[PDB]
Amino acid sequence: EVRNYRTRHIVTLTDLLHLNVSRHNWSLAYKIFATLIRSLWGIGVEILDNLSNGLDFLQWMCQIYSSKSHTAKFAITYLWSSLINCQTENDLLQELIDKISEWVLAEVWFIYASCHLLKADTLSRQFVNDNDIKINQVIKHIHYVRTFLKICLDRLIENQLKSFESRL
Amino acid sequence: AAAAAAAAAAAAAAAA
Amino acid sequence: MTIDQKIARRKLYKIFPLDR
Amino acid sequence: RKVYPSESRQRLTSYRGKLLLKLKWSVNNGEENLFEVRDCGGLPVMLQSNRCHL
Amino acid sequence: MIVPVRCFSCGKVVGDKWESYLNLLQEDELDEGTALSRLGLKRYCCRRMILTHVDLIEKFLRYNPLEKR
Amino acid sequence: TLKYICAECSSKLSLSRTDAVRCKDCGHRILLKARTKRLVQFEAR
Amino acid sequence: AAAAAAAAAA
Amino acid sequence: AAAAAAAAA
Ligand SMILES: [Zn+2]
Ligand SMILES: [Zn+2]
């Protein structure tokens, strides 16, 4: 049948963890989760973001395990956290995104396209300001916009980009 | 279940 | 007080490596 | 598992990069086509190039 | 690599005058010629010894397999 | 005192027979044999 | 009374 | 009371 102390303890710990998620127990989650370590980890990812004490690391580790082999559930999440967190150097993230897409050919490509768009917006206002210059940044911004346009292709979004270019 | 109950009891005792 | 995820990461790495 | 160029030199092994080759299988005038991403084997990658990490 | 001990041509100790030469060029802001003169190098053989020294040891040391990063 | 230096993290960790040829601290497959205290005679010429 | 007894046991 | 007594003892 059920284990003497060990099986019952695990079940009770899981129940307690569920109760902690229902009611935030930053402390309960920290000790309950530790006891629970003895797939899955969304609650662990959730507790770090819900109760902080910088919640980005655990998700990265989870995403890293079980790679070799719709799409992957661990991952499509990790990517979203990144852009929102950014909202350190981003280029790097964009590079990582490309790498993932290369390895695996909801499409990640859409997420990658969205990420560049954020950079363009920052570029658009910085360029608009006088402190007064004619080429450089404007040409760079135009190139970025074209690149963003290509990825989406292969209405609201397009409209937004256009507005952005005009302001710049 | 019995084991769990026992554990709970023990915990309670400890608390007391 | 609490080891944190750090502990989980270390465990995983060791398992990659032989653990006993 | 990112691997630097330098490890290969010490190891005396080819700094081979992994290739990705996906096919297009069309039968009966391409009524149905299945594409499979498959390993294309390993080929050497030039240092300080786009494929390389440096 | 490091500053050679003694001038190849005559044998005048030059190894103790390397760090002192850079101090005469940095802090004292002197020219190459006057700096060598203050170190006590009048023969052109002793003059070129320090003047022409590369000191690749400082470039070489940056690779240390005994300390992390 | 037996020594083996890791090529990546530079950690001095020696390992005996029936053990994986890898550093314990990090997953690196190359190990530098460290210099131990031994007499090496030389002529100052 | 009962509460007091419990405290003593602890 | 009994408990108290016991404690005292
Ligand atoms: Zn000389
Ligand atoms: Zn190591």
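Per the header of the entry, the method used was electron microscopy, 4.4 Å.
Each residue, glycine too, has its Cβ placed from N, Cα and C.
The Cβ of E:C46 (Zn(2+) binding site) lies under 8 Å from the Cβ of E:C7, E:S9, E:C10, E:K12, E:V14, each of these being in the same chain and 6 or more residues away along the sequence. The annotation Zn(2+) binding site is assigned in Swiss-Prot to E:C7, E:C10, E:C45, E:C46 on the grounds of experimental evidence.
Secondary structure from DSSP puts E:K59 (ubiquitin cross-link) in a helix. The annotation ubiquitin cross-link is assigned in Swiss-Prot to E:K59.
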Count, for each of the binding-site residues E:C7, E:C10, E:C45, the other C-beta atoms lying within 10 angstroms of its own C-beta, and report the residue with the smallest count.
-> E:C10
Hey, for the Zn(2+) site built from E:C7, E:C10, E:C45, E:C46, who else sits with CB inside 8 A of the CB center?
-> E:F8, E:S9, E:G11, E:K12, E:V14, E:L41, E:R43, E:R47, E:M49
How big is the gap, in Å, between the Cα of E:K59 (ubiquitin cross-link) and that of E:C45 (Zn(2+) binding site), rounded to a whole number?
-> 26
Which state, by DSSP, holds E:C45 (Zn(2+) binding site): helix, strand or coil?
-> helix
